Ligand SMILES: CCCCCCCCCCCCCCCCCCCC(=O)O[C@H](COC(=O)CCCCCCCCCCCCCC)COP(=O)(O)OCCN
Ligand SMILES: [K+]
Ligand SMILES: [K+]
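Residue numbers (the deposited numbering), protein chains in the order written: chain F, 436 to 677; chain D, 1 to 107; chain U, 1 to 489; chain P, 29 to 387.
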């Protein structure tokens with residue numbers, strides 16, 4: 436809260452930013468309180484549960500004890516782990532910027548002093564207390580507004596859309612008939628070659644290489660044109676073969 | 001003379017393309033044959049068709065017809081004959097075991 | 001001595017010939033083809049060391065000079081592709097020993113195998129356009145027969161389809177050679193490269209370059225010329241399909257690469273923006289097909305199409321970083337697609353079904369196969385300790401350096417989608433409870449797949465070993481003056 | 029150099045796990061995993077004296093020297109804070125998983141292989157100075173966590189959660205790679221400590237690198253709207269939930285933001301994007317955490333809320349770089365607050381998951 440309140444002093448719209456973060460802390464307290472208050476409190480159920488004795492073994496409990504002890508140790512003693520570890524992390528993240536280094540040190544050594552963020556935490560505590568006791572009253576409204584916006588719905592339907600669109604694409608363009616694929620290949624050939632010719636200007640048509648035409652090739656060309664025409668318009672297949 | 005050969009190989013290409021896009025398989029193999037003839041005549045035409053002696057050094061003429069495209073055409077002819085004979089026996093096998101000629105009906 | 005360059009061509013050829021004499025003796029077929037394939041691997045490795053030590057290797061076939069006869073040229077890129085072909089051929093051959101039944105290999109199967117590797121090996125090393133044509137038809141004819149062999153109804157139908165398409169594209173390559181011979185007058189790569197660079201400001205050369213794009217994109221499937229490949233590769237048996245997916249579509253990529261790094265250099269803007277848009281369309285079609293299907297063979301087919309699109313986009317930039325990246329991605333993608341088809345074949349052998357939704361629970365019975373497929377999938381995607389990382393990394397770096405932000409983002413999202421497809425196979429097939437299959441002990445055929453996987457992992461680790469070959473390849477691709485001064489002496 | 033055999037020691041022990049698992053059938057395999065994080069933790073206590081008196085630890089292992097790629101390691105206060113967190117909570121989670129799982133009913137070698145791969149990958153993420161090495165360790169983190177979420181593969185909801193978490197985190201990681209590449213072109217080099225001492229705002233690739241790195245870092249640490257995968261990753265085992273979604277993986281994007289802050293916080297897009305999306309996901313997860321009816325979803329939305337708090341404080345600490353009025357220098361306090369709560373969060377959040385696992 437100290438970092439967020441001193442960040443709204445550079446832009447006006449950033450005044451929106453801490454109070455939103457403030458209600459986040461409200462929400463935080465709620466589930467955490469609800470966690471403990473619906474895990475260990477209440478009453479015991481001797482009909483659905485399994486064991487008559489629920490004493491856990493100690494070896495399972497070793498590592499949570501060590502983690503909770505480290506929690507309590509950096510709780511009551513915050514100075515030595517800060518000065519050992521946390522300061523060169525800040526000098527690493529903010530490289531090339533520390534022309535002095537004593538202000539960071541005297542802020543690490545700072546722990547107490549009356550801050551305006553203290554009553555902010557007190558208000559967090561009081562509002563979470565008055566919000567948790569009435570939680571079975573605004574329960575249905577919260578359930579329906581939580582149903583009102585999620586993000587697994589969008590992702591699941593996006594994958595259904597993607598697989599169905601790809602499958603319908605390959606059901607459209609891959610029919611299996613060889614005539615259609617020949618049409619695609621021939622059309623692509625024609626389009627690429629005609630666009631490549633039309634993009635240029637095709638200068639220098641020189642007819643000087645051309646040979647003198649003679650009568651025998653003319654008559655034989657008319658003959659094989661006749662054979663070509665009678666092999667494309669033939670009704671029977673023997674006519675096309677011959 | 002090369003212009004007339006160009007328009008007649010273009011008519012062979014149009015005929016071959018129209019036969020390849022048909023419904024029966026024997027028409028497709030006929031189109032394969034016509035496309036091969038068009039390609040071989042195109043090799044001969046683009047090699048040049050100016051008048052000279054046949055490519056034989058026994059005849060002592062001044063200028064000869066180009067020897068390279070004839071050798072290239074003969075290579076292409078024997079390769080195309082091998083592939084054409086294989087594809088015709090393949091069509092015979094398909095008529096024998098499947099039992100149809102309709103190319104669109106082949107699914 | 002100087003005939004070492006022909007040893008990737010001559011060794012399988014002779015072998016194919018001597019496999020004609022004894023069809024019914026399947027044991028000696030296996031022994032002779034295995035020994036010749038191992039000798040092919042050794043000779044190709046010796047050729048790669050030869051082209052690394054001293055310069056680019058040129059051999060006139062006869063003793064005839066450089067413009068006027070057939071010249072065979074092995075640079076570093078062709079030697080790398082020949083060695084990769086040799087490794088893929090050996091793994092497919094041992095899987096063929098375990099996989100192909102008796103009846104299909106009494107009828108000349110290993111001969112057709114050796115003719116296919118003759119065709120691809122000859123296509124990677126040649127110095128003539130029309131000789132390259134002849135090697136394309138050797139390759140395609142052997143692929144026709146390997147597709148049709150066995151004679152069930154499915155491979156009859158799609159052999160008809162595949163044969164029709166390749167006949168049309170063969171005729172189109174004939175007419176392209178005809179047009180270019182009318183313009184230039186020569187037929188070898190180096191001297192017609194010199195003649196194109198002597199009259200490089202003519203529009204007909206641009207038209208013929210677009211025609212070669214159309215032909216070689218019919219060979220290696222580009223959008224919108226890809227339409228034959230799903231059914232045609234859904235037809236054949238598994239080692240034949242591993243040969244097809246590992247080798248056939250990638251020699252068209254090499255032909256596009258050699259064409260636009262050697263022949264057509266002037267007026268680069270139009271041809272390169274055409275290659276860029278066709279590559280983006282190819283990537284989009286591949287990832288749509290990979291997302292769409294719940295069938296393993298179709299998933300690997302559309303991963304082939306997507307990887308071809310990525311390689312063509314790497315070709316479409318004339319920077320040495322992009323050329324280096326597409327060479328790395330080319331080698332690893334050949335090996336990886338052959339590996340994945342062999343995986344799909346083993347899984348089909350176990351499940352007796354190809355539908356992902358039909359079976360579940362294979363980790364509980366086949367742990368080595370499951371974690372091998374997991375590592376293969378993550379190496380396909382491009383995770384950095386694995387094989388296919390440095391290629392797409394250099395492609396993305398060269399696209400950002402030339403200010404193509406959107407295309408690099410398309411590449412990264414395509415990597416995401418191909419990962420999603422193969423991991424869909426892994427998560428629905430291997431994980432889950434056991435319902436779909438019956439316990440069947442696999443044998444033998446798992447080991448060539450594991451050999452390919454170990455070579456892919458060792459490739460991803462040792463980029464520093466495999467890199468100076470690729471550096472010499474890039475140094476000869478972005479500078480064709482060394483190519484045209486090596487041949488034309 | 030003795031830290032080369034520290035970064036790559038969990039990988040070697042992850043190789044050696046199934047040997048001890050199927051060759052020693054009496055003793056629980058987790059005990060054999062137990063000393064190594066302890067050892068690493070003790071080793072990471074050895075640098076505090078050198079880091080308090082402003083000295084750093086540099087190491088180099090070249091991988092592709094001609095493409096100019098190395099595994100570098102740079103050790104300063106931030107990397108030590110994260111490494112001490114990782115190793116301490118790792119040893120405690122290993123102990124809790126020894127006493128939590130069973131022997132003859134659970135595949136345990138898979139569990140400790142995946143966990144130790146994740147620990148080595150996270151220690152690689154933190155200690156790295158090279159961008160491609162950082163991305164490599166990032167991706168290994170994503171894959172190992174994907175394996176850990178789906179530990180029970182015979183149940184459907186674990187596979188759904190693993191698939192969703194995989195797709196979201198891979199999406200963020202790939203766009204993170206794109207931003208790393210754009211930044212490495214914008215600067216001359218690849219190492220992070222030389223990108224600080226060079227100007228980068230006079231370059232067209234600065235803003236796309238900013239947006240892509242920032243997108244990936246928001247995607248890893250479960251920000252808005254990418255917090256979606258973390259409540260469905262609660263079908264993991266409870267030590268996996270504790271360790272991964274308390275202390276290690278959900279703070280990787282926090283580390284990347286705080287690590288690249290001396291480069292990108294000279295612009296306003298970085299600092300206001302970070303601050304605003306942190307406040308938005310803080311309030312949104314704090315609202316949603318009270319709806320749930322089981323313990324682990326409550327703790328997941330709790331985790332998302334405190335991560336949003338930490339990254340909003342990182343945004344205000346990015347605002348610290350521009351100017352401070354007449355030596356007031358107040359914005360630096362925000363940095364300390366973030367780091368404090370960072371450390372703070374890890375500790376108690378781990379304990380909370382352990383508690384609910386017990387009950
Ligand atoms: C002029 C050519 C010069 C070169 C010489 C070449 C000579 C050989 C040519 C190829 C020969 C192939 C022989 C195949 C077998 C033919 C006989 C059996 C089949 C048959 O009779 O089919 C009928 C023939 O077509 C018909 O009845 C109509 C056929 C029409 C063919 C027209 C060809 C175009 C020529 C144009 C000029 C070219 C000039 C070239 C110099 C189809 O009829 P159906 O179904 O009723 O069968 C009756 C069923 N009981
Ligand atoms: K032809
Ligand atoms: K002909």
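For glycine and all other residues, C-beta sits at the position ideal for the given N, C-alpha and C.
| Check | Outcome |
| --- | --- |
| Contact set between the segment 168-187 of chain U and chain D, restricted to residues whose Cβ is under 8 Å from the partner | 168, 170, 171, 174, 175, 177, 178, 179, 181, 182 and 187 |
| Nearest-angstrom beta carbon gap, residue 262 of chain U and residue 120 of chain U [assumed within contact, 8 Å] | The pair is not a contact, with the Cβ atoms about 20 Å apart (cut-off 8 Å). |
| Burial state of residue 51 of chain P (16 or more Cβ within 10 Å) | exposed |
| Three CB pairs or more closer than 8 Å across the segment 285-299 of chain U and the segment 591-604 of chain F | yes |
| Pair within 8 Å by beta-carbon distance, residue 397 of chain U and residue 321 of chain U | yes |
| CA nearest to the CA of residue 454 of chain U, picked from U:485, U:332, U:474 and U:429 | U:332 |
| Contiguous alpha helix (DSSP H) assignments of at least 4 residues, all confined to the segment 121-201 of chain U | 129-148, 153-183 and 189-198 |
| Residue 20 of chain D - DSSP class collapsed to helix/strand/coil | helix |
| Burial state of residue 260 of chain P (16 or more Cβ within 10 Å) | buried |
| The segment 207-227 of chain P: positions lying closer than 7 Å to chain U by Cβ | 209, 210 and 213 |
| Same chain, Cβ closer than 7 Å to residue 344 of chain P, five either side skipped, listed in chain order | 303, 359 and 362 |
| Residue span of the beta strand (DSSP E) that contains residue 97 of chain P, given as start and end | 97-103 |
| As assigned by DSSP and simplified to three states, the class of residue 94 of chain U | helix |
| Check your reading: residues with Cβ closer than 5 Å to ligand 3 heavy atoms | D:37 and D:40 |
| Which of helix, strand or coil DSSP assigns to residue 59 of chain U | strand |
| Residues near residue 60 of chain P by beta carbon distance below 6 Å, same chain, minus five either side | 48 |
| Ligand 2 heavy atom lying under 7 Å from the CB of residue 33 of chain U | no |
| Alpha carbon of residue 457 of chain U to alpha carbon of residue 385 of chain U, nearest angstrom | 8 Å |
| Beta-carbon proximity list for residue 62 of chain P, same chain, < 6 Å, skipping 5 on both sides | 122 |
| Chain-ordered chain D contacts of residue 652 of chain F [CB-CB under 8 Å] | 1, 4 and 5 |
| Length-filtered (3 minimum) beta strand (DSSP E) runs lying within the segment 228-300 of chain U | none |
| With 16 other Cβ atoms within 10 Å as the buried cut-off, status of residue 540 of chain F | exposed |
| Residues near residue 76 of chain P by beta carbon distance below 8 Å, same chain, minus five either side | 108 |
| Buried versus exposed call for residue 393 of chain P [16 or more other C-beta atoms within 10 Å across all chains shown] | No answer is possible for residue 393 of chain P: the residues shown for chain P start at 29 and end at 387. |
| Chain F residues whose Cβ lies nearer than 7 Å to that of residue 104 of chain D | 612 and 614 |
| Buried or exposed by the 16-neighbour rule on C-beta atoms within 10 Å, applied to residue 584 of chain F | exposed |
| Cβ of residue 371 of chain U within 8 Å of any chain F Cβ | no |
| Within 8 Å of chain U by C-beta, residues of the segment 154-183 of chain P in sequence order | 160, 163, 164, 167, 168, 171, 178, 181 and 182 |
| Cα-Cα separation, residue 76 of chain U to residue 48 of chain U | 7 Å |
| Spatial distance of residue 316 of chain P from residue 223 of chain P (CA atoms) | 40 Å |
| Residue 170 of chain U Cβ short of 7 Å to ligand 2 heavy atom set | yes |
| Proximal residues of chain B, C-beta to C-beta of residue 94 of chain D below 8 Å | As a matter of chain content, chain B is missing from the structure shown, whose protein chains are F, D, U and P. |
| Enclosing alpha helix (DSSP H) for residue 603 of chain F [first to last residue] | 587-608 |
| Whole-angstrom C-beta distance between residue 129 of chain U and residue 187 of chain U, which should lie under 8 Å | 6 Å |
| Residue 583 of chain F - containing alpha helix (DSSP H), residue span | 574-583 |
| Cβ-based burial, residue 544 of chain F [other Cβ within 10 Å; buried from 16] | exposed |
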